[PDB]
2 protein chains.
Amino acid sequence: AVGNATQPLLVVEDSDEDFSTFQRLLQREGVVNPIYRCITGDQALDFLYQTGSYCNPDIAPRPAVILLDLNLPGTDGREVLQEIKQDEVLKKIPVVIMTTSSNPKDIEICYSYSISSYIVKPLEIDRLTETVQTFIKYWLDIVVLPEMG
Amino acid sequence: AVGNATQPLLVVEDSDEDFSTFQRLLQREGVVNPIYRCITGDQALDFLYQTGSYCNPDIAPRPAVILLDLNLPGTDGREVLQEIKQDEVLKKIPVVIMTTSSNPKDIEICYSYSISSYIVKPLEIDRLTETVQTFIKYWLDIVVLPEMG
């Protein structure tokens, strides 16, 4: 097994296939971190702020790490990121951007807000596997995360 | 070979043993990224601002990623971090903290001061090797770094 059962990973991904492929890869590595999924940006913000208008806050723990796609239905990931980095508490949570966008503008803006890192989703299974396996080792095993952020 | 020869890694580390062993691990893995080392906070700032002795941008290109130790001679890492994060251009460079300090205060505050991730220095060569190998894969191969050129 790998990871910490007390450090949730919030994955904001609207593609069911992308999420499923990702989830299965984490399961093959024995990751124990609980995975929470949001499909829209509106859900992501509600979940993080524990607003309770779209998600019950009682079953929405603060994540230790956030995997965020810039492209999302409703409020998009770009707007989610900007809002997050303006909050004294949420801005501390490591945010890893994982999207199909390789646009120089998105990369530049994201890093300007000090995202932790930017990852372009690779199409190839071998490359995606290496990407996810490394993400797991780095974030869930090596790095010291803030107390939930 | 691994990495990109046009994406420099700036390592702010005053420990000769820690730096030299780190560089040797990168060379053993075939990393082609140029490695620039600064030994004090003031020196790192001069390099990043391209002032003082690092007056020629062609000689001191902007690094694509920074590995910083919080403990440094004179202006310490904490002060260096806060300063570059206030600069329009430099704030885009991801900063990875790799230090001996494992105290909650530095960790919480560092994440508050916009770092990408925090890594506590391993004591045994076996774990250090594995840790650095993951650092290499993640930062120099997987992640899309900001365009600092």
# chains A, B, ... in the order shown; residues from 1 in each chain; ligands from 1
call {"tool": "select_by_dssp", "arguments": {"residues": "range 23-58 of chain A", "states": "strand (DSSP E or B)", "output": "compact mmCIF listing (two decimals) with C-alpha atoms, in the first residue's frame"}}
result
# COMPACT_ATOMS: atom_id res chain seq x y z
CA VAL A 31 -3.27 3.99 -2.88
CA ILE A 35 -10.51 10.01 -3.50
CA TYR A 36 -13.29 12.60 -3.82
CA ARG A 37 -14.52 13.65 -7.24
CA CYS A 38 -16.14 16.87 -8.44
call {"tool": "residues_around", "arguments": {"residues": "range 102-113 of chain A", "least_positions_apart": "2", "cutoff": "12 Å", "atoms": "only C-alpha atoms", "output": "JSON, numbers by chain"}}
result
{"A": [68, 69, 70, 71, 77, 78, 79, 80, 81, 82, 83, 84, 85, 86, 91, 92, 94, 95, 96, 97, 98, 99, 100, 115, 116, 117, 118, 119, 120, 121, 122], "B": [64, 65, 84, 85, 86, 87, 88, 89, 90, 91, 92, 93, 94, 95, 113, 114, 115, 116, 143, 144, 145, 146, 147, 148, 149]}
call {"tool": "residues_around", "arguments": {"residues": "residue 136 in chain A", "least_positions_apart": "2", "cutoff": "12 Å", "atoms": "only C-alpha atoms", "output": "MDAnalysis selection string"}}
result
(chainID A and resid 1:4 9 22:23 25:33 65 67 96 129:134 138:143) or (chainID B and resid 134:135 137:138)
call {"tool": "atom_distance", "arguments": {"atom1": "CA of residue 20 in chain A", "atom2": "CA of residue 44 in chain A"}}
result
18.2 Å
call {"tool": "residues_around", "arguments": {"residues": "range 52-57 of chain A", "least_positions_apart": "4", "cutoff": "7 Å", "atoms": "only C-alpha atoms", "output": "VMD selection string"}}
result
chain A and resid 43 46 to 47
call {"tool": "write_last_selection", "arguments": {"atoms": "N, CA, C and O atoms", "output": "compact mmCIF listing (two decimals), in the first residue's frame"}}
result
# COMPACT_ATOMS: atom_id res chain seq x y z
N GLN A 43 -19.24 22.72 -8.14
CA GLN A 43 -19.16 21.72 -7.08
C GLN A 43 -17.83 21.85 -6.34
O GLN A 43 -17.77 21.77 -5.11
N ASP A 46 -17.98 24.81 -3.97
CA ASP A 46 -18.92 24.52 -2.89
C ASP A 46 -18.28 23.55 -1.90
O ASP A 46 -18.38 23.72 -0.68
N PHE A 47 -17.61 22.54 -2.43
CA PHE A 47 -16.93 21.50 -1.66
C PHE A 47 -15.80 22.10 -0.80
O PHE A 47 -15.71 21.84 0.40
call {"tool": "atom_distance", "arguments": {"atom1": "CA of residue 63 in chain B", "atom2": "CA of residue 17 in chain B"}}
result
22.3 Å
call {"tool": "closest_residue", "arguments": {"among": "B:10, B:72, B:127, B:41", "to": "chain A", "atoms": "only C-alpha atoms"}}
result
B:127
call {"tool": "closest_residue", "arguments": {"among": "B:39, B:51, B:124, B:101", "to": "chain A", "atoms": "only C-alpha atoms"}}
result
B:101
call {"tool": "atom_distance", "arguments": {"atom1": "CA of residue 75 in chain A", "atom2": "CA of residue 61 in chain A"}}
result
21.1 Å
call {"tool": "closest_residue", "arguments": {"among": "B:45, B:59, B:123, B:5", "to": "residue 74 in chain B", "atoms": "only C-alpha atoms"}}
result
B:45
call {"tool": "decode", "arguments": {"residues": "range 7-119 of chain B", "atoms": "C-alpha atoms", "output": "CSV table (one decimal), in the first residue's frame"}}
result
chain,number,residue,atom,x,y,z
B,7,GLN,CA,15.5,24.4,-18.7
B,8,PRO,CA,18.0,25.2,-15.9
B,9,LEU,CA,17.6,24.1,-12.3
B,10,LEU,CA,18.7,26.5,-9.6
B,11,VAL,CA,19.8,24.9,-6.4
B,12,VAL,CA,20.2,27.1,-3.4
B,13,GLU,CA,22.1,25.0,-1.0
B,14,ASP,CA,25.1,25.8,1.2
B,15,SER,CA,26.0,22.3,2.2
B,16,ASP,CA,28.8,21.0,-0.1
B,17,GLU,CA,28.0,17.4,0.7
B,18,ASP,CA,24.3,17.7,0.1
B,19,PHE,CA,24.7,19.6,-3.1
B,20,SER,CA,27.4,17.5,-4.6
B,21,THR,CA,25.6,14.2,-3.8
B,22,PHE,CA,22.4,15.7,-5.3
B,23,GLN,CA,24.2,16.7,-8.5
B,24,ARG,CA,25.9,13.2,-8.7
B,25,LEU,CA,22.4,11.6,-8.5
B,26,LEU,CA,21.2,13.8,-11.3
B,27,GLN,CA,24.2,12.9,-13.4
B,28,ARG,CA,23.9,9.2,-12.7
B,29,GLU,CA,20.3,9.4,-14.0
B,30,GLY,CA,21.5,11.2,-17.2
B,31,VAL,CA,19.9,14.6,-16.5
B,32,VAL,CA,20.8,17.1,-19.2
B,33,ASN,CA,19.3,20.2,-17.5
B,34,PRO,CA,22.0,22.7,-16.6
B,35,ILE,CA,22.5,22.9,-12.8
B,36,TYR,CA,23.3,26.2,-11.2
B,37,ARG,CA,24.2,26.4,-7.5
B,38,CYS,CA,24.0,29.4,-5.2
B,39,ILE,CA,25.3,29.2,-1.6
B,40,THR,CA,23.6,32.1,0.1
B,41,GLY,CA,20.3,33.9,-0.2
B,42,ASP,CA,21.8,37.1,-1.4
B,43,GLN,CA,23.7,35.3,-4.1
B,44,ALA,CA,20.5,33.5,-5.2
B,45,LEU,CA,18.6,36.8,-5.4
B,46,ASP,CA,21.4,38.4,-7.5
B,47,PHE,CA,21.3,35.5,-9.8
B,48,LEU,CA,17.5,35.6,-10.2
B,49,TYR,CA,17.4,39.3,-10.7
B,50,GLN,CA,20.4,39.0,-12.9
B,51,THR,CA,22.3,41.8,-11.0
B,52,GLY,CA,25.7,42.0,-9.3
B,53,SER,CA,28.0,39.4,-10.7
B,54,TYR,CA,25.3,37.7,-12.7
B,55,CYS,CA,24.9,40.8,-14.9
B,56,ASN,CA,24.9,38.9,-18.3
B,57,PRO,CA,21.5,37.1,-18.9
B,58,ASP,CA,23.4,34.9,-21.5
B,59,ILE,CA,25.6,33.5,-18.7
B,60,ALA,CA,22.9,33.3,-16.0
B,61,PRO,CA,19.7,32.2,-17.8
B,62,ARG,CA,16.4,32.1,-15.8
B,63,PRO,CA,15.9,28.7,-14.1
B,64,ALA,CA,12.7,26.8,-14.8
B,65,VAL,CA,12.6,25.4,-11.3
B,66,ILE,CA,14.2,26.2,-8.0
B,67,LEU,CA,15.3,23.8,-5.2
B,68,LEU,CA,15.7,25.8,-2.1
B,69,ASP,CA,16.9,25.1,1.4
B,70,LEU,CA,15.2,27.3,4.1
B,71,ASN,CA,18.4,27.4,6.1
B,72,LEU,CA,21.1,29.6,4.3
B,73,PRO,CA,24.0,31.9,5.2
B,74,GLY,CA,22.7,35.4,5.8
B,75,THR,CA,19.4,36.1,4.0
B,76,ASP,CA,17.8,32.7,4.6
B,77,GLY,CA,15.5,30.8,2.2
B,78,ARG,CA,12.3,32.0,3.9
B,79,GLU,CA,13.3,35.6,3.0
B,80,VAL,CA,14.3,34.6,-0.5
B,81,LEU,CA,11.0,32.9,-1.1
B,82,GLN,CA,8.9,35.8,0.0
B,83,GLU,CA,10.8,38.2,-2.2
B,84,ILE,CA,10.7,36.4,-5.5
B,85,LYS,CA,7.0,35.6,-5.0
B,86,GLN,CA,6.4,39.4,-5.1
B,87,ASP,CA,8.1,39.8,-8.5
B,88,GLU,CA,5.9,39.6,-11.6
B,89,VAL,CA,8.3,37.4,-13.5
B,90,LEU,CA,10.1,35.4,-10.9
B,91,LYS,CA,6.9,34.4,-9.0
B,92,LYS,CA,6.1,32.0,-11.9
B,93,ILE,CA,9.1,29.8,-11.1
B,94,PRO,CA,8.0,26.7,-9.1
B,95,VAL,CA,9.9,26.5,-5.8
B,96,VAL,CA,10.6,23.2,-4.1
B,97,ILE,CA,11.8,23.3,-0.6
B,98,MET,CA,14.2,20.5,0.4
B,99,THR,CA,15.5,21.1,3.9
B,100,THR,CA,16.3,19.5,7.2
B,101,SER,CA,13.6,21.4,8.9
B,102,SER,CA,10.5,19.2,9.6
B,103,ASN,CA,8.8,21.6,12.0
B,104,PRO,CA,5.1,22.3,11.4
B,105,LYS,CA,5.5,26.1,11.5
B,106,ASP,CA,8.0,26.3,8.6
B,107,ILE,CA,5.9,23.9,6.6
B,108,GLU,CA,2.5,25.7,7.1
B,109,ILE,CA,4.1,29.1,6.5
B,110,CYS,CA,6.1,28.0,3.5
B,111,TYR,CA,2.9,26.7,1.8
B,112,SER,CA,1.4,30.0,2.8
B,113,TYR,CA,4.3,31.7,1.0
B,114,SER,CA,3.5,30.0,-2.2
B,115,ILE,CA,5.9,27.0,-2.5
B,116,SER,CA,5.1,24.1,-4.8
B,117,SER,CA,6.0,21.4,-2.4
B,118,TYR,CA,8.1,20.6,0.7
B,119,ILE,CA,10.6,17.8,1.0
